[PDB]
Amino acid sequence: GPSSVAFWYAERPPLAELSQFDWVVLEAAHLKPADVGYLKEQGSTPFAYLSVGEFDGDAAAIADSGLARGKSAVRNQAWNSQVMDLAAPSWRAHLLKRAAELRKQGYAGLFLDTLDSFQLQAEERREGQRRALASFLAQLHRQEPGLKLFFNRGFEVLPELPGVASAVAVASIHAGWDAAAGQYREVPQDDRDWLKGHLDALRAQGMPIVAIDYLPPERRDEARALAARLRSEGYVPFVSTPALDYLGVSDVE
């Protein structure tokens, strides 16, 4: 598990600065293999972002990808991201190929996003999706044992995947982001109450838990205090912006 963690999804990652974090999660499109190797040389462990449950892109972006057959026309679909059928062969094949490409680039692991997006499907279809998700993650782990798998949540499949995840992230614990509104928004107690049962099960298993909380740059003093608060509560935190385009904070100064 990480001593500290940073996420950076924007262009031009400041590599010297990110290299001082223990785990760093990156959008690989913005790095070359020499950059990934540099982070490892400095002693950091670099992860590549990989969205498992959704195709990141508008429609027509997905048209040019050759993956359209696998898109699920869910009711509450977000613009610029498409929920994918985790049982569709072209989608699973795409993800495994991407995993191999990212291994070849030198990434020590993958940060697996949208593990709960199948919950947007019609209720009677969710179990089929959950089982396809679990079987996919088991196949990914078997095919790429050299990639540490850093789950974003995934509570509905973690219990059936012992030894698979190296850590589990939760956005968010105290300070969150309302993407629908484009507003920073504290995490309601309701959300922490629902998380407690899942996080306690992970804590009991010794699973490292990362907190991804959100505060804007002008509240950097508050972000440091929150980082400290999250560490006192057992999390390895990163407190940053929702674009992950900012050198946020994981620990004290």
# chains A, B, ... in the order shown; residues from 1 in each chain; ligands from 1
$ closest_atom_pairs --of "stretch 87-131 of chain A" --to "stretch 66-81 of chain A" --cutoff "12 Å" --atoms "only C-alpha atoms" --output "tab-separated table"
residue	atom	partner	partner_atom	distance
A:87	CA	A:70	CA	8.4
A:88	CA	A:70	CA	5.4
A:89	CA	A:70	CA	7.9
A:90	CA	A:67	CA	6.4
A:91	CA	A:70	CA	6.1
A:92	CA	A:70	CA	9.4
A:93	CA	A:67	CA	10.1
A:94	CA	A:67	CA	8.3
A:95	CA	A:67	CA	11.0
A:114	CA	A:81	CA	10.4
A:117	CA	A:77	CA	10.0
A:118	CA	A:74	CA	9.1
A:119	CA	A:74	CA	9.7
A:120	CA	A:74	CA	6.3
A:121	CA	A:74	CA	5.5
A:122	CA	A:74	CA	7.4
A:123	CA	A:74	CA	10.9
A:125	CA	A:74	CA	10.9
A:126	CA	A:74	CA	11.5
A:129	CA	A:72	CA	10.9
$ residues_around --residues "stretch 150-156 of chain A" --least-positions-apart "2" --cutoff "8 Å" --atoms "only C-alpha atoms" --output "count of residues only"
19
$ select_by_dssp --residues "stretch 7-186 of chain A" --states "strand (DSSP E)" --output "PyMOL selection string"
chain A and resi 7-8+23-26+45-51+54-56+81-83+109-113+148-152+165-170+175-178+183-186
$ residues_around --residues "stretch 203-209 of chain A" --least-positions-apart "2" --cutoff "7 Å" --atoms "only C-alpha atoms" --output "number ranges by chain"
A: 1, 167-169, 199-201, 211, 235-236
$ write_last_selection --atoms "N, CA, C and O atoms" --output "short mmCIF file (atom, residue, chain, number, x, y, z; two decimals), in the first residue's frame"
data_model
loop_
_atom_site.label_atom_id
_atom_site.label_comp_id
_atom_site.auth_asym_id
_atom_site.auth_seq_id
_atom_site.Cartn_x
_atom_site.Cartn_y
_atom_site.Cartn_z
N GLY A 1 0.79 -1.22 0.00
CA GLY A 1 0.00 0.00 0.00
C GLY A 1 0.83 1.27 0.00
O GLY A 1 2.00 1.25 0.38
N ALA A 167 -5.23 -1.91 -3.49
CA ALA A 167 -5.76 -0.84 -2.67
C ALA A 167 -7.12 -0.48 -3.23
O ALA A 167 -7.42 -0.80 -4.39
N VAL A 168 -7.93 0.18 -2.43
CA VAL A 168 -9.24 0.64 -2.88
C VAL A 168 -9.38 2.13 -2.59
O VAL A 168 -9.13 2.57 -1.46
N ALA A 169 -9.76 2.91 -3.60
CA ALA A 169 -10.00 4.33 -3.47
C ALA A 169 -11.49 4.62 -3.30
O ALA A 169 -12.35 3.91 -3.83
N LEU A 199 -16.25 -0.27 4.02
CA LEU A 199 -14.88 0.05 4.40
C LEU A 199 -14.43 -0.77 5.60
O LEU A 199 -13.27 -1.18 5.68
N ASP A 200 -15.33 -1.02 6.56
CA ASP A 200 -14.95 -1.86 7.70
C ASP A 200 -14.56 -3.26 7.24
O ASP A 200 -13.58 -3.84 7.75
N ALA A 201 -15.30 -3.83 6.28
CA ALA A 201 -14.93 -5.13 5.74
C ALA A 201 -13.54 -5.10 5.10
O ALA A 201 -12.76 -6.05 5.26
N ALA A 211 -8.41 7.85 0.16
CA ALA A 211 -9.49 8.83 0.11
C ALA A 211 -9.15 9.85 -0.97
O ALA A 211 -8.09 10.47 -0.93
N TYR A 235 -7.07 6.72 6.40
CA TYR A 235 -6.99 6.79 4.95
C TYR A 235 -5.63 7.29 4.50
O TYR A 235 -4.94 8.01 5.23
N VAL A 236 -5.24 6.89 3.30
CA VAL A 236 -4.14 7.52 2.58
C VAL A 236 -4.77 8.50 1.60
O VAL A 236 -5.35 8.05 0.60
#
$ select_by_dssp --residues "stretch 154-238 of chain A" --states "helix (DSSP H, G or I)" --output "number ranges by chain"
A: 158-160, 189-204, 217-232
$ write_last_selection --atoms "N, CA and C atoms" --output "mmCIF file, in the first residue's frame"
data_model
loop_
_atom_site.group_PDB
_atom_site.id
_atom_site.type_symbol
_atom_site.label_atom_id
_atom_site.label_comp_id
_atom_site.auth_asym_id
_atom_site.auth_seq_id
_atom_site.Cartn_x
_atom_site.Cartn_y
_atom_site.Cartn_z
ATOM 1 N N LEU A 158 -15.494 -6.835 -4.945
ATOM 2 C CA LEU A 158 -14.340 -7.131 -4.085
ATOM 3 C C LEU A 158 -14.474 -8.412 -3.265
ATOM 4 N N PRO A 159 -15.603 -8.705 -2.599
ATOM 5 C CA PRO A 159 -15.649 -9.925 -1.774
ATOM 6 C C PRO A 159 -15.417 -11.204 -2.548
ATOM 7 N N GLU A 160 -15.724 -11.233 -3.842
ATOM 8 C CA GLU A 160 -15.476 -12.411 -4.658
ATOM 9 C C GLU A 160 -14.149 -12.352 -5.404
ATOM 10 N N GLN A 189 -23.590 12.794 5.356
ATOM 11 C CA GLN A 189 -23.409 11.733 6.347
ATOM 12 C C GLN A 189 -23.989 10.415 5.844
ATOM 13 N N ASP A 190 -25.118 10.487 5.126
ATOM 14 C CA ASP A 190 -25.730 9.325 4.488
ATOM 15 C C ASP A 190 -24.724 8.522 3.677
ATOM 16 N N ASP A 191 -23.866 9.211 2.934
ATOM 17 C CA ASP A 191 -22.888 8.518 2.113
ATOM 18 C C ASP A 191 -21.831 7.847 2.975
ATOM 19 N N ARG A 192 -21.366 8.527 4.033
ATOM 20 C CA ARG A 192 -20.390 7.895 4.913
ATOM 21 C C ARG A 192 -21.005 6.729 5.674
ATOM 22 N N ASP A 193 -22.290 6.821 6.024
ATOM 23 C CA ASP A 193 -22.938 5.712 6.721
ATOM 24 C C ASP A 193 -22.996 4.470 5.838
ATOM 25 N N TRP A 194 -23.324 4.652 4.559
ATOM 26 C CA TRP A 194 -23.364 3.525 3.632
ATOM 27 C C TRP A 194 -21.963 2.962 3.385
ATOM 28 N N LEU A 195 -20.949 3.827 3.345
ATOM 29 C CA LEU A 195 -19.588 3.355 3.099
ATOM 30 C C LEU A 195 -19.027 2.561 4.270
ATOM 31 N N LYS A 196 -19.470 2.855 5.494
ATOM 32 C CA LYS A 196 -18.807 2.300 6.671
ATOM 33 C C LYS A 196 -18.783 0.774 6.641
ATOM 34 N N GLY A 197 -19.918 0.148 6.321
ATOM 35 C CA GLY A 197 -19.954 -1.303 6.292
ATOM 36 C C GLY A 197 -18.990 -1.883 5.276
ATOM 37 N N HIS A 198 -18.885 -1.240 4.109
ATOM 38 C CA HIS A 198 -17.972 -1.728 3.084
ATOM 39 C C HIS A 198 -16.523 -1.450 3.458
ATOM 40 N N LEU A 199 -16.253 -0.272 4.017
ATOM 41 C CA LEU A 199 -14.884 0.049 4.396
ATOM 42 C C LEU A 199 -14.434 -0.767 5.604
ATOM 43 N N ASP A 200 -15.333 -1.022 6.561
ATOM 44 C CA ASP A 200 -14.950 -1.859 7.697
ATOM 45 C C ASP A 200 -14.557 -3.262 7.241
ATOM 46 N N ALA A 201 -15.295 -3.826 6.278
ATOM 47 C CA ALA A 201 -14.931 -5.135 5.740
ATOM 48 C C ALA A 201 -13.544 -5.104 5.104
ATOM 49 N N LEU A 202 -13.220 -4.021 4.391
ATOM 50 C CA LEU A 202 -11.893 -3.898 3.798
ATOM 51 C C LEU A 202 -10.828 -3.683 4.860
ATOM 52 N N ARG A 203 -11.119 -2.837 5.852
ATOM 53 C CA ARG A 203 -10.174 -2.621 6.944
ATOM 54 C C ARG A 203 -9.878 -3.920 7.673
ATOM 55 N N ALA A 204 -10.907 -4.746 7.879
ATOM 56 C CA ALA A 204 -10.715 -6.015 8.567
ATOM 57 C C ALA A 204 -9.790 -6.931 7.786
ATOM 58 N N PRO A 217 -8.050 25.065 -5.355
ATOM 59 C CA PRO A 217 -6.684 25.508 -5.008
ATOM 60 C C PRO A 217 -6.618 26.595 -3.950
ATOM 61 N N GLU A 218 -7.574 27.528 -3.930
ATOM 62 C CA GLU A 218 -7.469 28.620 -2.975
ATOM 63 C C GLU A 218 -7.657 28.150 -1.538
ATOM 64 N N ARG A 219 -8.194 26.948 -1.337
ATOM 65 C CA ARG A 219 -8.357 26.344 -0.010
ATOM 66 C C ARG A 219 -7.253 25.338 0.298
ATOM 67 N N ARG A 220 -6.025 25.619 -0.143
ATOM 68 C CA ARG A 220 -4.912 24.705 0.104
ATOM 69 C C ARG A 220 -4.645 24.509 1.595
ATOM 70 N N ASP A 221 -4.812 25.559 2.405
ATOM 71 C CA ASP A 221 -4.663 25.389 3.851
ATOM 72 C C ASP A 221 -5.683 24.390 4.384
ATOM 73 N N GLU A 222 -6.934 24.495 3.923
ATOM 74 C CA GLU A 222 -7.962 23.536 4.317
ATOM 75 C C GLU A 222 -7.637 22.130 3.803
ATOM 76 N N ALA A 223 -7.050 22.029 2.606
ATOM 77 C CA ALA A 223 -6.708 20.711 2.063
ATOM 78 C C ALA A 223 -5.658 20.008 2.926
ATOM 79 N N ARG A 224 -4.639 20.749 3.398
ATOM 80 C CA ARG A 224 -3.650 20.176 4.316
ATOM 81 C C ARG A 224 -4.307 19.675 5.593
ATOM 82 N N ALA A 225 -5.174 20.494 6.195
ATOM 83 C CA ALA A 225 -5.860 20.059 7.403
ATOM 84 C C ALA A 225 -6.702 18.816 7.127
ATOM 85 N N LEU A 226 -7.399 18.792 5.988
ATOM 86 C CA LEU A 226 -8.214 17.631 5.656
ATOM 87 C C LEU A 226 -7.355 16.392 5.417
ATOM 88 N N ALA A 227 -6.238 16.540 4.684
ATOM 89 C CA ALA A 227 -5.270 15.449 4.543
ATOM 90 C C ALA A 227 -4.896 14.854 5.897
ATOM 91 N N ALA A 228 -4.574 15.719 6.867
ATOM 92 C CA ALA A 228 -4.251 15.267 8.215
ATOM 93 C C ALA A 228 -5.435 14.565 8.867
ATOM 94 N N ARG A 229 -6.636 15.114 8.693
ATOM 95 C CA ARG A 229 -7.828 14.485 9.257
ATOM 96 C C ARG A 229 -8.050 13.097 8.662
ATOM 97 N N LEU A 230 -7.935 12.980 7.339
ATOM 98 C CA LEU A 230 -8.120 11.683 6.696
ATOM 99 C C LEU A 230 -7.075 10.668 7.167
ATOM 100 N N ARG A 231 -5.823 11.102 7.352
ATOM 101 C CA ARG A 231 -4.801 10.178 7.846
ATOM 102 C C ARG A 231 -5.127 9.704 9.259
ATOM 103 N N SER A 232 -5.601 10.613 10.117
ATOM 104 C CA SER A 232 -6.010 10.215 11.460
ATOM 105 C C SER A 232 -7.127 9.183 11.418
#
$ closest_residue --among "A:19, A:183, A:4, A:241" --to "residue A:44" --atoms "only C-alpha atoms"
A:19
$ closest_residue --among "A:157, A:215, A:164, A:61" --to "residue A:176" --atoms "only C-alpha atoms"
A:215
$ closest_residue --among "A:5, A:244, A:52, A:16" --to "residue A:39" --atoms "only C-alpha atoms"
A:16
$ closest_atom_pairs --of "stretch 33-73 of chain A" --to "stretch 21-26 of chain A" --cutoff "9 Å" --atoms "only C-alpha atoms" --output "tab-separated table"
residue	atom	partner	partner_atom	distance
A:39	CA	A:24	CA	8.7
A:43	CA	A:22	CA	7.4
A:44	CA	A:22	CA	5.0
A:45	CA	A:23	CA	4.8
A:46	CA	A:24	CA	4.9
A:47	CA	A:25	CA	4.5
A:48	CA	A:26	CA	5.1
A:49	CA	A:26	CA	5.9
$ closest_residue --among "A:144, A:178, A:251, A:85" --to "residue A:128" --atoms "only C-alpha atoms"
A:85
$ closest_residue --among "A:180, A:60, A:210, A:100" --to "residue A:7" --atoms "only C-alpha atoms"
A:210
$ residues_around --residues "residue A:38" --least-positions-apart "3" --cutoff "12 Å" --atoms "only C-alpha atoms" --output "PDB file with N, CA, C and O atoms, in the first residue's frame"
ATOM      1  N   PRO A  14       3.733  17.519 -13.961  1.00  0.00           N
ATOM      2  CA  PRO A  14       5.034  17.956 -13.421  1.00  0.00           C
ATOM      3  C   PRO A  14       5.756  16.796 -12.750  1.00  0.00           C
ATOM      4  O   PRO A  14       5.538  16.510 -11.572  1.00  0.00           O
ATOM      5  N   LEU A  15       6.627  16.123 -13.503  1.00  0.00           N
ATOM      6  CA  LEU A  15       7.096  14.802 -13.094  1.00  0.00           C
ATOM      7  C   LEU A  15       7.987  14.871 -11.858  1.00  0.00           C
ATOM      8  O   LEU A  15       7.869  14.032 -10.958  1.00  0.00           O
ATOM      9  N   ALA A  16       8.899  15.841 -11.799  1.00  0.00           N
ATOM     10  CA  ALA A  16       9.752  15.931 -10.614  1.00  0.00           C
ATOM     11  C   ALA A  16       8.906  16.057  -9.356  1.00  0.00           C
ATOM     12  O   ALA A  16       9.170  15.397  -8.345  1.00  0.00           O
ATOM     13  N   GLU A  17       7.855  16.879  -9.411  1.00  0.00           N
ATOM     14  CA  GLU A  17       7.022  17.077  -8.231  1.00  0.00           C
ATOM     15  C   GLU A  17       6.192  15.834  -7.923  1.00  0.00           C
ATOM     16  O   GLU A  17       6.084  15.424  -6.761  1.00  0.00           O
ATOM     17  N   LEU A  18       5.589  15.228  -8.945  1.00  0.00           N
ATOM     18  CA  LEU A  18       4.789  14.023  -8.706  1.00  0.00           C
ATOM     19  C   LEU A  18       5.655  12.865  -8.224  1.00  0.00           C
ATOM     20  O   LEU A  18       5.171  11.994  -7.501  1.00  0.00           O
ATOM     21  N   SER A  19       6.931  12.844  -8.607  1.00  0.00           N
ATOM     22  CA  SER A  19       7.801  11.735  -8.238  1.00  0.00           C
ATOM     23  C   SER A  19       8.007  11.628  -6.737  1.00  0.00           C
ATOM     24  O   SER A  19       8.503  10.605  -6.261  1.00  0.00           O
ATOM     25  N   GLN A  20       7.683  12.658  -5.972  1.00  0.00           N
ATOM     26  CA  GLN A  20       7.894  12.558  -4.538  1.00  0.00           C
ATOM     27  C   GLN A  20       6.708  11.927  -3.818  1.00  0.00           C
ATOM     28  O   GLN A  20       6.752  11.791  -2.597  1.00  0.00           O
ATOM     29  N   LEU A  31       1.891  10.931 -21.107  1.00  0.00           N
ATOM     30  CA  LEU A  31       3.251  10.527 -20.775  1.00  0.00           C
ATOM     31  C   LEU A  31       3.834   9.665 -21.885  1.00  0.00           C
ATOM     32  O   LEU A  31       3.108   9.022 -22.647  1.00  0.00           O
ATOM     33  N   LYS A  32       5.157   9.643 -21.949  1.00  0.00           N
ATOM     34  CA  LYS A  32       5.901   8.689 -22.756  1.00  0.00           C
ATOM     35  C   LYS A  32       6.555   7.653 -21.845  1.00  0.00           C
ATOM     36  O   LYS A  32       6.662   7.864 -20.634  1.00  0.00           O
ATOM     37  N   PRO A  33       7.005   6.517 -22.394  1.00  0.00           N
ATOM     38  CA  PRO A  33       7.665   5.517 -21.538  1.00  0.00           C
ATOM     39  C   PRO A  33       8.852   6.060 -20.750  1.00  0.00           C
ATOM     40  O   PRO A  33       9.068   5.638 -19.606  1.00  0.00           O
ATOM     41  N   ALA A  34       9.624   6.982 -21.329  1.00  0.00           N
ATOM     42  CA  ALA A  34      10.737   7.577 -20.594  1.00  0.00           C
ATOM     43  C   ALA A  34      10.256   8.296 -19.336  1.00  0.00           C
ATOM     44  O   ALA A  34      10.958   8.317 -18.317  1.00  0.00           O
ATOM     45  N   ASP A  35       9.076   8.925 -19.397  1.00  0.00           N
ATOM     46  CA  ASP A  35       8.522   9.580 -18.212  1.00  0.00           C
ATOM     47  C   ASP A  35       8.116   8.559 -17.161  1.00  0.00           C
ATOM     48  O   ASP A  35       8.317   8.774 -15.959  1.00  0.00           O
ATOM     49  N   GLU A  41      12.439   5.399 -11.467  1.00  0.00           N
ATOM     50  CA  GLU A  41      13.821   5.648 -11.051  1.00  0.00           C
ATOM     51  C   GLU A  41      13.882   6.499  -9.793  1.00  0.00           C
ATOM     52  O   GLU A  41      14.755   6.305  -8.938  1.00  0.00           O
ATOM     53  N   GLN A  42      12.985   7.474  -9.681  1.00  0.00           N
ATOM     54  CA  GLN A  42      12.904   8.325  -8.507  1.00  0.00           C
ATOM     55  C   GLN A  42      12.311   7.608  -7.304  1.00  0.00           C
ATOM     56  O   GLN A  42      12.390   8.137  -6.189  1.00  0.00           O
ATOM     57  N   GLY A  43      11.742   6.423  -7.495  1.00  0.00           N
ATOM     58  CA  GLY A  43      11.216   5.641  -6.403  1.00  0.00           C
ATOM     59  C   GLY A  43       9.717   5.669  -6.292  1.00  0.00           C
ATOM     60  O   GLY A  43       9.179   5.139  -5.323  1.00  0.00           O
ATOM     61  N   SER A  44       9.032   6.276  -7.249  1.00  0.00           N
ATOM     62  CA  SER A  44       7.588   6.319  -7.227  1.00  0.00           C
ATOM     63  C   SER A  44       7.021   5.094  -7.946  1.00  0.00           C
ATOM     64  O   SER A  44       7.713   4.401  -8.705  1.00  0.00           O
ATOM     65  N   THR A  45       5.755   4.803  -7.664  1.00  0.00           N
ATOM     66  CA  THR A  45       5.087   3.675  -8.312  1.00  0.00           C
ATOM     67  C   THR A  45       3.997   4.241  -9.222  1.00  0.00           C
ATOM     68  O   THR A  45       2.963   4.708  -8.721  1.00  0.00           O
ATOM     69  N   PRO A  46       4.169   4.237 -10.548  1.00  0.00           N
ATOM     70  CA  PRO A  46       3.182   4.889 -11.424  1.00  0.00           C
ATOM     71  C   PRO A  46       2.055   3.970 -11.862  1.00  0.00           C
ATOM     72  O   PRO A  46       2.310   2.839 -12.279  1.00  0.00           O
ATOM     73  N   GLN A 105       4.294   0.099 -21.643  1.00  0.00           N
ATOM     74  CA  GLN A 105       4.787   1.444 -21.386  1.00  0.00           C
ATOM     75  C   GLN A 105       5.549   1.570 -20.075  1.00  0.00           C
ATOM     76  O   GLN A 105       6.236   2.581 -19.877  1.00  0.00           O
ATOM     77  N   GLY A 106       5.443   0.589 -19.187  1.00  0.00           N
ATOM     78  CA  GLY A 106       6.192   0.569 -17.954  1.00  0.00           C
ATOM     79  C   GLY A 106       5.398   0.869 -16.706  1.00  0.00           C
ATOM     80  O   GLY A 106       6.000   1.004 -15.639  1.00  0.00           O
ATOM     81  N   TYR A 107       4.073   0.966 -16.795  1.00  0.00           N
ATOM     82  CA  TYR A 107       3.261   1.228 -15.612  1.00  0.00           C
ATOM     83  C   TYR A 107       3.306   0.049 -14.649  1.00  0.00           C
ATOM     84  O   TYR A 107       3.251  -1.115 -15.053  1.00  0.00           O
TER      85      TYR A 107
END
